[PDB]
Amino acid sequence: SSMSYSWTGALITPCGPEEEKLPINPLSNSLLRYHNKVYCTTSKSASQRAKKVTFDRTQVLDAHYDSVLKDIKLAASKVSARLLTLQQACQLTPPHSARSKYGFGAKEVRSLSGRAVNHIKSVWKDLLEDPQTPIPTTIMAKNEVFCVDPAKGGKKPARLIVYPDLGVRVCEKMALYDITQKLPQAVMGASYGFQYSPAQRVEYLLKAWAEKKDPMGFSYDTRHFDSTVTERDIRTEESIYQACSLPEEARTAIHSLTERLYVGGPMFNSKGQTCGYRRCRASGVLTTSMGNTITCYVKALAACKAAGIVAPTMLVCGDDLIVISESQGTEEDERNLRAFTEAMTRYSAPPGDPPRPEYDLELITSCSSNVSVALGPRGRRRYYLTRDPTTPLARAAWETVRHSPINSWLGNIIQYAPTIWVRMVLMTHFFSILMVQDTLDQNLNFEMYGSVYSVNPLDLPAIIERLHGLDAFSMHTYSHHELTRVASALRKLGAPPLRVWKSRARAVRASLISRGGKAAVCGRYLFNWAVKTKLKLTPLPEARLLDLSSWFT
């Protein structure tokens, strides 16, 4: 039926200059040695990505699909959502959001300058009046950092980001922001993945596992999800949005956004040239996450019914899903999974890697992470979320004129505080660097799910107890998989091995302790693993006084 994209031959050009690595990396050259392996995806590579994501979709739905979709609309009809005022929408614009072509930027939008507010008024009037003329978009490469992988063909090409003008982005929020905050949870309940912290994700997966008499689990992820989303999927997304209780003016803007923007349109490069035409998800529109997650969930639940998955418990985040179900024996399990994949494939959600049944929770990877297990202070099993540290280590070494890696270190330390790789490697390095800089008590930004949080390094013990529990400071006897994977990632990036990190950690610990105050608490709590004569760690008062519920919702 439809091609995901068509191209004119015009290049996908960069915005600014693409920052160069330097001959010395003063903050990370004591973390690892193989700086040659750390690269950032470039705009040049964007044309290789374009080739990989351009293909003809044919989609074939069926009664399982139709029935799931009906149930979802019903669930959506229990939501009432409102328009945001123009002003509220303006003030949700992030501070460095790309500026408008019409001579204003995010600062103006957030301050509600008159020229900006006035332009946005007309953009919106035009949405209400013209339900048809396609809205132009800019296409850009995403620049992100990875470690080279010779197995997977050296360097990944940059993903494609497609977005409309700042004025339109503000209007999308007026129309849809309140739905983004309510609909997913309304139609998916506990299956909606972005509502859980790492420990809560873990707790949910364990409950689900223990509920089954004989559990089986698998993960799924779609190859190039955005390019696989069809015109019809997007219109079906609208009908899910329209099932909510909305004021008429929202309805009208939603429909017009759908027809003029979401279902497709022309793409221009940064130099202003026509680049191509799109007939799939623009990753960059406000509905990217909600849309991906709801469309993934519809296809996936229908595919579970098509395949005969029994008592499925799902967890979905964008195109990433886990299903924990009742095993029907391994022969049937395997065939049910092939049936799952075939249905998803008819639904236009083909797999990156064919999924596979598993019967041990450690072997299931979704959203680049997996549950693992270690022993606590009293010898009890303690489960936690971990991941391959390769990419976090590479990002820990991205250091240029424009970019400091310290914030990346902090983000990982917080999300993955119970992991052996955070505790032994990233914590040791982070604290050593900040001590020597004498910047321990300076606040840092921490990025997650598009939001920034300011954190003081000296509050890490409290934050960690709160997010992960006091046992995050006392885990030992990590698993074979985790020990093997961490040792291997360290060798691969030319980092010191764990025993070296241990002797560094002793020195970092002693030095923090000798400063007293909050620093010494960091020393005692964060590095208790580093000394033979363990200390008794008690709950921290400062931790009871904390609420972190917005960080992971």
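From 1 onward, residues are counted along the sequence shown.
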Stretch with higher mean Cα temperature factor, 390 to 398 vs 430 to 438, is 430 to 438
Averaging CA B factors per stretch from the PDB record, which one is higher: 267 to 275 or 402 to 410? 267 to 275
Have a look at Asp319, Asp130, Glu332, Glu482 and flag the one whose Cα has the highest B-factor in the entry. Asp130
From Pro357, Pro215, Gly450, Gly284, pick the one with the largest CA B-factor in the entry? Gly450
What third of its chain's C-alpha B-factors does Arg381 belong to: lowest, middle or highest? middle
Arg57: CA B-factor among chain residues, third -> highest
For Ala510, the third of its chain by CA B-factor is the highest
Lowest, middle or highest third - CA B-factor, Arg115: highest
CA B-factor ranking of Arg491, expressed as a third of its chain: lowest
